[PDB]
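Every chain is numbered from 1 and lettered A, B, ... according to where its sequence line falls, protein lines coming before strand lines.
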Amino acid sequence: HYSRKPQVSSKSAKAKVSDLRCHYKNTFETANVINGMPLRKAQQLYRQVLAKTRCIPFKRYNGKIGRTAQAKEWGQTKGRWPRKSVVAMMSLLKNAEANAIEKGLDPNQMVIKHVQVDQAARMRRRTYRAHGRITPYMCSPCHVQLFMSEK
Amino acid sequence: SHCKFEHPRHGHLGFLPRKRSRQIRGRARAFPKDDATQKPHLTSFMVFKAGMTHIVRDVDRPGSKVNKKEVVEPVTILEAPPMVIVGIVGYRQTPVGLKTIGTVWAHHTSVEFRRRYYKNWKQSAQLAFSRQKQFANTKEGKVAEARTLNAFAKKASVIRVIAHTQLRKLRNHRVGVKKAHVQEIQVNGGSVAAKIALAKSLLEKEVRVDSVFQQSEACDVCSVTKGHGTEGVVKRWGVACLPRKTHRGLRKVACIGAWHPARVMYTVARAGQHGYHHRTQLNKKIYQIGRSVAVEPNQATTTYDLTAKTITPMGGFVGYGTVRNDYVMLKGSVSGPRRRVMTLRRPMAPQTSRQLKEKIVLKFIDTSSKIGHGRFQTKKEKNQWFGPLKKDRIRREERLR
Amino acid sequence: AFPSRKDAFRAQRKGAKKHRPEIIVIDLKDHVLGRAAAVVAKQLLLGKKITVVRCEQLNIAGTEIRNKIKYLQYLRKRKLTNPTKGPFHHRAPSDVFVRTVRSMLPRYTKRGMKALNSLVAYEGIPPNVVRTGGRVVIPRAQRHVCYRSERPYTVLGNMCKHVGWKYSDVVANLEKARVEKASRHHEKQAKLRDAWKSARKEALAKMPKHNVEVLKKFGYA
RNA sequence: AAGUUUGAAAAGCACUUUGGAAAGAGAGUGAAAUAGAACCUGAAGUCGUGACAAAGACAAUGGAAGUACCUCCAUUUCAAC
RNA sequence: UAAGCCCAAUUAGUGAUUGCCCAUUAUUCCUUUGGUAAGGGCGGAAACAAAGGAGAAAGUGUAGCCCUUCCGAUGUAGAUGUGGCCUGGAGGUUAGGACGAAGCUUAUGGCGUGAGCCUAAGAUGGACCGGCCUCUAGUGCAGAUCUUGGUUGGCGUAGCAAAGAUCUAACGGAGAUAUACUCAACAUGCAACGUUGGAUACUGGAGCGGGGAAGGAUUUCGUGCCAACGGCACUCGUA
RNA sequence: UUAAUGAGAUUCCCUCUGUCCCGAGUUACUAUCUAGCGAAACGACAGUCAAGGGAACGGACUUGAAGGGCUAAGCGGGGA
RNA sequence: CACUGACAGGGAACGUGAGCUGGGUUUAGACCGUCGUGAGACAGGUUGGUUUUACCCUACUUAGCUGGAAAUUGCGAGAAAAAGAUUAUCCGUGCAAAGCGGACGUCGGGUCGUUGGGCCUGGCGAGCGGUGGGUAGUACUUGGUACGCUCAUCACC
Ligand SMILES: [K+]
Ligand SMILES: [K+]
Ligand SMILES: [K+]
Ligand SMILES: [K+]
Ligand SMILES: [K+]
Ligand SMILES: [K+]
Ligand SMILES: [Mg+2]
Ligand SMILES: [Mg+2]
Ligand SMILES: [Mg+2]
Ligand SMILES: [Mg+2]
Ligand SMILES: [Mg+2]
Ligand SMILES: [Mg+2]
Ligand SMILES: [Mg+2]
Ligand SMILES: [Mg+2]
Ligand SMILES: [Mg+2]
Ligand SMILES: [Mg+2]
Ligand SMILES: [Mg+2]
Ligand SMILES: [Mg+2]
Ligand SMILES: [Mg+2]
Ligand SMILES: [Mg+2]
Ligand SMILES: [Mg+2]
Ligand SMILES: [Mg+2]
Ligand SMILES: [Mg+2]
Ligand SMILES: [Mg+2]
Ligand SMILES: [Mg+2]
Ligand SMILES: [Mg+2]
Ligand SMILES: [Mg+2]
Ligand SMILES: [Mg+2]
Ligand SMILES: [Mg+2]
Ligand SMILES: [Mg+2]
Ligand SMILES: [Mg+2]
Ligand SMILES: [Mg+2]
Ligand SMILES: [Mg+2]
Ligand SMILES: [Mg+2]
Ligand SMILES: [Mg+2]
Ligand SMILES: [Mg+2]
Ligand SMILES: [Mg+2]
Ligand SMILES: [Mg+2]
Ligand SMILES: [Mg+2]
Ligand SMILES: [Mg+2]
Ligand SMILES: [Mg+2]
Ligand SMILES: [Mg+2]
Ligand SMILES: [Mg+2]
Ligand SMILES: [Mg+2]
Ligand SMILES: [Mg+2]
Ligand SMILES: [Mg+2]
Ligand SMILES: [Mg+2]
Ligand SMILES: [Mg+2]
Ligand SMILES: [Mg+2]
Ligand SMILES: [Mg+2]
Ligand code: NA
Ligand code: NA
């Protein structure tokens with residue numbers, strides 16, 4: 001039930017999560033950077049982002065965010081270190097690795113071939129403004145799907 | 001309608017944009033006009049700002065109220081280690097500007113000069129100028145060098161030498177940089193052949209600051225001013241402060257333009273970068289060209305002050321340290337902080353004024369501490385004042401026992 | 001301008017000889033600025049590659065002071081709120097000619113800019129154009145056929161050197177050197193030219209006679 | 001405000017595996033599981049992704065006429081035609 | 001030696017009276033449409049199997065009976081006409097559908113000047129429904145600071161800055177000390193929770209101290225628990 | 001006309017001062033960067049100018065002059 | 001009134017309020033004079049009387065990243081270059097001269113083909129050199145480079 005089909009199904013592993021409760025835009029940035037990576041390189045990247053020695057490049061959702069020197073490796077100038085999205089994607093990568101191992105594949109040979117982050121159904125709260133106004137205070141969850149294929 | 005009253009505009013529009021300088025070193029945009037009747041000579045030199053002090057001298061300006069009277073002059077001390085000539089460049093006049101004909105490199109280059117070609121020298125392969133050094137002394141390389149020199153002789157109208165600073169000689173702990181600063185120094189005077197001969201003689205050789213400049217001459221200084229980051233209109237441009245009652249802030253320009261033209265003009269003061277701009281300052285008199293402290297100890301001793309002391313004040317120059325090499329004492333101030341490399345250039349303005357031709361003789365140089373209110377010129381005077389202290393007595397007790 | 005290593009490698013693989021496009025070199029000396037500009041603009045729009053030299057020797061009708069004042073009036077035009085991005089007043093004579101042609105072109109279309117990039121303008125005759133072939137003139141834009149000789153005229157270089165152009169003396173010295181070199185090379189090769197002329201004269205007798213009569217019929221012998 | 005309108009029938013996903021769980025990956029029921037539970041169909045708008053077309057700055061859109069490239073489309077021809 | 005002004009001309013004292021460019025204009029050709037339209041044909045001439053053809057309706061209006069011939073065609077407000085298009089129902093009449101009905105999708109083609117109609121394909125759907133004549137109406141949307149519902153750039157932006165404040169160890173917790181190879185550890189699992197002990201601070205008796213009224217009504221207590229809620233967090237909680 | 005009284009209106013004087021000449025330095029909280037969380041207003045379409053005409057003050061039109069693309073912090077000239 | 005060389009006149013939506021300020025004009029309170037029967041009026045006087053929003057686009061000020069000459073493509077070839085078996089077949093000097101001065105060689109061999117053919121590669125030596133070692137005496141701002149002889153290799157070969 002994925003938007004894309006793996007080249008060889010028996011050599012691929014799939015992982016999915018729905019209504020993640022992390023920010024959709026931050027997760028969009030965080031998951032997109034590992035598309036095309038080996039699994040191990042992506043996991044190293046997430047650990048180094050947690051350590052704040054490398055950043056997640058922010059594209060398309062970087063409006064008036066700060067500039068950093070760690071974005072230069074991605075050809076960018078704006079990047080951040082969104083830890084909630086990173087840990088959620090680490091859990092998703094662990095699930096994909098578990099699926100690959102149970103299928104009988106080698107987790108050290110997998111290459112992430114598909115990442116897709118979509119906005120989930122939103123959750124509604126309220127904020128209170130001046131002059132007795134009540135205004136939406138919304139949450140934007142996300143769906144994340146991926147599959148990786150052995151090379 | 002017209003502005004009610006008149007005052008001059010704030011700031012000089014000829015120093016726009018007020019952006020950060022592309023380089024940190026002072027670079028002479030132009031050189032003094034070339035006079036072919038003069039002997040070939042160098043027109044600039046690179047120095048490092050150590051600090052400031054003041055001197056005493058007797059003025060010889062007839063018609064002034066300070067004629068034959070002593071005045072106190074603040075001065076800037078600039079350390080001037082010898083420079084090394086490593087290259088020759090020639091320029092040809094074309095109707096689109098000067099174009100450099102080619103470069104003649106010295107057979108041997110210093111490690112400091114070759115560090116300038118790397119961002120991380122100590123972890124590099126350090127292969128700079130290696131192929132060039134192998135090729136230069138072969139038959140083909142000698143032929144190529146002769147060909148380039150012949151091209152200089154035939155076509156060049158401007159001859160410049162490539163010189164670099166010696167940071168190992170400048171044994172300074174606060175100057176962190178170890179890669180040499182490289183600049184082109186134009187050779188003025190004589191024919192193109194005479195300039196080529198002088199440049200060839202200077203190749204792979206040191207140049208001392210007293211060869212390029214002499215005492216009581218003036219010079220131009222090219223340097224980058226001290227940086228201050230983002231600043232408001234009050235400090236960046238000198239506009240007036242608004243009344244105390246102003247809503248949303250008073251350190252502003254009240255009107256940044258009329259309704260028409262329907263846009264902000266480039267002549268209106270705005271917030272932005274202040275400082276770290278390249279400036280060329282004119283007519284800095286050279287009050288003293290001192291030798292290295294290792295050669296001549298009594299740097300700051302005059303004829304009128306026999307006290308044996310060096311140009312470094314008590315406690316050293318704040319944030320710089322001691323001056324170990326040759327130095328230049330310029331009258332007044334120069335743009336930039338301490339430790340910044342600066343270019344002394346031979347003057348480009350006429351030097352016929354009574355002030356620019358005055359012969360400077362120093363009678364006193366202040367070497368008191370620049371930390372606090374210094375009141376001793378030397379350590380000897382301080383020890384004379386205090387006599388033996390508790391520490392010295394503890395030391396002598398530890399010695400004799 | 002400097003070719004890419006890719007382009008040089010491809011040329012080596014193809015092995016083709018040196019290629020020079022068909023380019024017309026116009027000697028703009030003693031030419032009327034506007035008329036030469038109009039002719040050159042039309043020829044550029046027709047797809048021709050044009051290089052113009054000695055643009056410092058173009059002519060404008062009227063005294064030099066009147067044309068200096070016209071240029072200074074042009075220089076008065078600037079965007080007041082930001083002179084950067086305002087009108088750019090080029091002072092070199094070749095740049096002045098390029099601007100005149102550009103004003104006679106549809107400069108705000110791809111076609112007009114294609115025409116404009118096909119024009120190369122120099123002051124004097126630089127070495128890369130000296131030996132590329134015989135230079136042309138524009139008969140309908142030449143000064144001796146366009147101006148009544150009584151009236152004063154301006155040389156473009158003299159006006160430009162007083163409105164801000166810096167390379168008047170450099171161009172003069174380069175032209176002096178070029179003409180000296182070309183005169184030396186033309187005094188030489190005189191033996192070659194005389195040898196070829198005498199060779200044709202002797203061939204007139206060494207060739208079959210009916211061919212000589214045919215040449216006489218068509219005014220060649 | 002709100003059709004609990006899944007399916008013929010709960011046959012409402014046993015069991016394995018990763019996960020603290022939510023869930024995922026398999027497996028299974030069913031004719032259908034993008035029919036998996038307030039679940040028939042599932043539009044527009046907006047968004048994600050893969051592939052491709054390119055493209056300065058002429059805001060973009062638009063007309064008219066060509067051309068380059070593509071076309072899971074429509075016709076007509078394939079031989080004394 | 002105009003590319004200015006005033007006069008003249010059309011390849012020039014050579015031999016006659018049209019230099020050239022551009023219209024939704026003129027002339028002409030083709031096609032459409034409508035006339036205060038103008039005419040012809042319409043009693044099937046005769047003959048003719050497969051292995052020259054087809055049509056020919058006495059007609060306002062249609063895919064117009066058919067053919068020939070002339071003339072006019074823009075247009076706000078406005079009028080009128082249309083075998084003109086479309087929608088939900090009703091009388092009729094013909095069909096279609098589990099070998100897939102309506103709905104929905106389209107670089108999916110065809111037809112029509114158009115409103116639209118029809119076909120194709122769904123790797124869409126799963127049970128109704130099309131054409132024609134007539135009858136009928138709650139019968140056609142781009143905008144009304146239109147109604148309702150949803151979405152949306154702004155935007156990971158403004159901000160979440162009064163009431164001074166937290167630190168440390170241990171325990172608890174999935175919430176860690178979480179790594180493919182090279183490999184001592186830092187440079188690759190961060191940050192965050194509750195309790196207890198220490199430390200530090202604040203409230204400073206007109207108290208973030210004890211009890212009551214009004215109002216509230218189970219918020220009280222213990223155990224479990226973390227989906228949602230306490231605009232950050234929670235393992236804590238008036239959840 | 002009036003002692004006393006007045007967050008009442010006015011003038012002058014002493015004192016005093018950053019009200020000013022004429023600004024400078026420093027602090028806390030912001031802004032600024034990050035983690036988590038996360039709106040609104042407004043939104044025809046969009047956004048470089050000069051001059052011309054034009055509903056007589058153009059972002060679109062005419063003729064010229066500019067204009068490589070994307071960004072962070074500010075700013076209040078225009079967006080009548 | 002006082003300095004000064006002078007204290008010119010004007011425009012920019014009678015420039016400029018999301019720049020300020022709010023003394024005036026011009027709400028609601030109140031007083032006076034005049035007017036009006038009155039409610040009330042007076043460009044008459046008086047006193048008191050909320051100055052909201054930028055985070056969007058441009059402009060401007062600074063501050064970063066980054067492609068691009070067919071201004072992203074074409075392979076679409078233009079040098080402010082040299083001057084030659086058509087730049088190929090050496091290098092200097094000389095005026096695009098007349099001339100002049102210099103070039104490492106030997107003996108094979110492993111391919112493709114006018115001229116002591118082109119390309120590649122082996123064995124010896126010779127040179128101009130680089131990089132290190134040994135050993136002098138100097139120069140230079142004096143810890144670090146160079147220069148003289150002598151080995152070692154390495155590159156042109
Ligand atoms: K004014
Ligand atoms: K949709
Ligand atoms: K097309
Ligand atoms: K106007
Ligand atoms: K106008
Ligand atoms: K005002
Ligand atoms: Mg901000
Ligand atoms: Mg930011
Ligand atoms: Mg609020
Ligand atoms: Mg309220
Ligand atoms: Mg004035
Ligand atoms: Mg002024
Ligand atoms: Mg500093
Ligand atoms: Mg205020
Ligand atoms: Mg001091
Ligand atoms: Mg309802
Ligand atoms: Mg089955
Ligand atoms: Mg389906
Ligand atoms: Mg459904
Ligand atoms: Mg109408
Ligand atoms: Mg109905
Ligand atoms: Mg489409
Ligand atoms: Mg209705
Ligand atoms: Mg509608
Ligand atoms: Mg949004
Ligand atoms: Mg913020
Ligand atoms: Mg905060
Ligand atoms: Mg706030
Ligand atoms: Mg607080
Ligand atoms: Mg930790
Ligand atoms: Mg206390
Ligand atoms: Mg307190
Ligand atoms: Mg206290
Ligand atoms: Mg209390
Ligand atoms: Mg919360
Ligand atoms: Mg009272
Ligand atoms: Mg009172
Ligand atoms: Mg801000
Ligand atoms: Mg942040
Ligand atoms: Mg305008
Ligand atoms: Mg507008
Ligand atoms: Mg504004
Ligand atoms: Mg006026
Ligand atoms: Mg005004
Ligand atoms: Mg304003
Ligand atoms: Mg205001
Ligand atoms: Mg007021
Ligand atoms: Mg009365
Ligand atoms: Mg008042
Ligand atoms: Mg009042
Ligand atoms: Na003439
Ligand atoms: Na898509």
Side-chain angles (χ1 to χ4, degrees), chain B residues 28 30-31 33-36 38-44 84-109 113 117 128-129 131-138 141 143-164 182-203 205 207, chain C residues 1-3 8 18 53 122-132 166-167 170-185 188:
Chain B
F31 292 101
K33 192 206 309 293
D34 200 352
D35 194 331
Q38 313 183 353
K39 217 189 61 172
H41 59 279
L42 295 183
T43 66
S44 69
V84 174
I85 307 298
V86 287
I88 301 170
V89 284
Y91 293 89
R92 43 189 279 261
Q93 285 176 316
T94 74
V96 287
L98 290 180
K99 289 183 194 173
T100 166
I101 304 171
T103 315
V104 175
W105 289 114
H107 290 330
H108 316 274
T109 49
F113 173 63
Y117 286 76
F129 287 82
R131 313 298 307 277
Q132 192 272 329
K133 194 179 264 63
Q134 293 172 9
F135 177 76
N137 263 331
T138 64
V143 169
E145 177 164 329
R147 183 182 308 146
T148 301
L149 291 172
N150 174 75
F152 286 178
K154 290 192 171 301
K155 302 189 167 304
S157 55
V158 170
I159 297 293
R160 306 202 183 118
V161 293
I162 302 180
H164 70 75
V182 172
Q183 72 167 12
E184 290 182 4
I185 307 184
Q186 181 167 306
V187 183
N188 277 5
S191 62
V192 183
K195 299 177 195 166
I196 286 166
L198 184 70
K200 278 189 61 64
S201 68
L202 289 173
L203 219 46
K205 306 283 291 303
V207 173
Chain C
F2 191 88
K18 275 296 303 297
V53 296
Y122 299 110
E123 295 110 19
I125 313 183
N128 62 321
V129 206
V130 169
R131 297 162 55 168
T132 54
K166 302 180 196 178
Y167 306 102
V170 174
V171 169
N173 293 6
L174 289 166
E175 284 303 280
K176 206 184 309 307
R178 172 195 75 88
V179 172
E180 280 168 316
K181 157 122 101 158
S183 182
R184 279 194 300 270
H185 182 77
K188 210 169 69 74

(message) Test of understanding: with side-chain hydrogen bond (donor to acceptor under 3.5 Å, both in side chains), list the residues that count as partners of B:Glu184, not counting sequence neighbours.
(response) B:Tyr91, B:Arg160

(message) Which label fits B:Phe113 and B:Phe129: parallel for a plane angle under 30°, tilted from 30 to 60°, or perpendicular past 60°?
(response) tilted

(request) Output yes when a side-chain donor or acceptor of B:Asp34 lies under 3.5 Å from a complementary backbone atom of B:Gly189, and no otherwise. (result) yes

(request) Answer whether the closest heavy-atom distance between the side chains of B:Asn188 and B:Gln38 falls below 4.5 Å. (result) no

(message) Any side-chain to backbone donor/acceptor pair from B:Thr148 onto B:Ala144? Under 3.5 Å, distance only.
(response) yes

(message) Using side-chain heavy atoms (C-beta onward) and a distance below 4.5 Å, is B:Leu98 in contact with B:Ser157?
(response) yes

(request) Could you grab the distance from atom CZ of C:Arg131 to atom CD1 of C:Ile125, nearest 0.5 Å is fine? (result) 14.0 Å

(request) Would you name the heavy atoms of B:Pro95 and C:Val170 that are closest together and state the gap between them? (result) N-CG1, 3.9 Å

(request) Write down the atom of C:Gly124, the atom of C:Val53, and the distance for their closest heavy-atom approach. (result) O-CB, 3.2 Å

(request) Indicate yes or no for a side-chain donor-acceptor contact from B:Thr138 to the backbone of B:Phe135 under 3.5 Å, with no hydrogens or angles considered. (result) yes

(request) Side-chain contact test, heavy atoms from C-beta onward, threshold under 4.5 Å: evaluate it for B:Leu202 versus B:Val187 and give yes or no. (result) no

(request) Search all heavy atoms of B:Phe152 against all heavy atoms of B:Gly90 and return the closest pair with its distance. (result) CZ-N, 3.3 Å

(message) Let me confirm one number: the CD-NE2 distance from C:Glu180 to C:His185, rounded to the nearest 0.5 Å.
(response) 16.0 Å

(message) Going by salt bridge (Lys or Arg N to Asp or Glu O under 4.0 Å), name the residues that satisfy it together with C:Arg178, two or more places apart in sequence or in a different chain.
(response) C:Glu175

(message) The criterion is side-chain hydrogen bond (donor to acceptor under 3.5 Å, both in side chains); which residues satisfy it with B:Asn150, sequence neighbours excluded?
(response) none

(message) Just verifying a value: how many Å separate B:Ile101 CD1 and B:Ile88 CD1, rounded to the nearest 0.5 Å?
(response) 12.0 Å

(message) With rounding to the nearest 0.5 angstrom, report the CD1 to CD1 distance, B:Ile185 to B:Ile85.
(response) 5.0 Å

(message) Measuring from atom NE2 of B:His41 to atom NZ of B:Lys195, what distance do you get when rounded to the nearest 0.5 angstrom?
(response) 9.5 Å

(request) Determine whether B:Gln132 and B:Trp105 make a side-chain contact, defined as any pair of heavy atoms from C-beta on separated by less than 4.5 Å. (result) yes

(message) Heavy-atom count check: over 12 atoms from other residues, nucleotides or ligands less than 6.0 Å from B:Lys155 NZ?
(response) no

(request) Report yes if the side chains of B:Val104 and B:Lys200 come closer than 4.5 Å at any heavy-atom pair, otherwise no. (result) no

(request) Write down the atom of B:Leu203, the atom of B:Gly87, and the distance for their closest heavy-atom approach. (result) CD1-N, 3.8 Å

(request) Calculate, to the nearest 0.5 Å, the distance between atoms CD1 and CD1 belonging to B:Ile196 and B:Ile159 respectively. (result) 4.5 Å

(message) Give me the atom names and distance for the closest heavy-atom approach of B:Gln186 to B:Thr43.
(response) O-OG1, 3.1 Å

(message) Is there a side-chain contact between C:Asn173 and B:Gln93 in this structure, where contact means two heavy atoms from C-beta onward sitting under 4.5 Å apart?
(response) no

(message) On a heavy-atom basis, which atom in C:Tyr122 and which in C:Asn128 lie closest, and how many Å separate them?
(response) OH-ND2, 3.2 Å

